[PDB]
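Just the one chain here, laid out as structure tokens, in the form deposited in one PDB entry.
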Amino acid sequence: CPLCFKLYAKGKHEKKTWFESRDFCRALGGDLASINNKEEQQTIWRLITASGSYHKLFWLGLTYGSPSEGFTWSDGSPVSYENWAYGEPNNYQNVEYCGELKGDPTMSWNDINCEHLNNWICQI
């Protein structure tokens, strides 16, 4: 790396929707981050403690597919490893088709509306 992840923690005015974040990472030749196992989760947690980005929320590459698949990763891979927060994904008010990371030690995931403005994490 110059499995590689990079945090994008932005000021209030420079956060992005899920689609804007996905396009940003793809313009770099990468994608929104997928977390495929415990090792990858630890790597990202170690990046958060390095930056003081505690408690912050980040887009991951989680996106709802067909009703049959449930959530998938934007980079193509299926969701095998899961770390949803308890009760999630709950599709609250039926409008939550993207996934975010709560960047605290639990490293848990939540489904949320894709037009929410968040920080994000790229993989490359």
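Note that residue numbering follows the sequence shown and begins at 1. Only residues modelled in both forms are compared. Whichever C-alpha set is largest while still superposing within 1.5 Å between the two forms counts as the rigid core.
Per the record, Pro2 and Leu3 are separated by 10 or more deposited residues that have no coordinates.
As listed in the deposited structure, the average C-alpha B-factor of 18-26 and of 97-105 is greater for 18-26. Judged by mean Cα B factor in the deposited record, 6-14 ranks above the other of 6-14 and 107-115. Reading the B-factor column for the CA atoms of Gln41, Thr49, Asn83, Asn90 in the entry, the top value corresponds to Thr49. Among all modelled residues in its chain, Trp73 ranks in the middle third by Cα B-factor. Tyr64 sits in the middle third of its chain by CA B factor, as recorded in the PDB entry.
Below: the form deposited in another entry, not depicted.
Core-aligned CA deviation for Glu96 between the shown form and the other one: 2 Å or greater. A movement of the C-alpha atom of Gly87 reaching 2 angstroms or beyond is seen between the shown form and the other one when the two forms are aligned on their rigid core. Put the two forms on the same core and the Cα of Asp75 is off by 2 Å or more between the shown form and the other one.
Compared with the form shown here, the Cα atoms of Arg22 and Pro78 move at least 3 Å farther apart in the other form. In the other form, the CA atoms of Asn94 and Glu20 draw together by 3 angstroms or more relative to this form.
Listed alone, 70-96 marks the only place where three or more consecutive residues have CA shifts of 2 Å or more between the shown form and the other one on superposition of the core.
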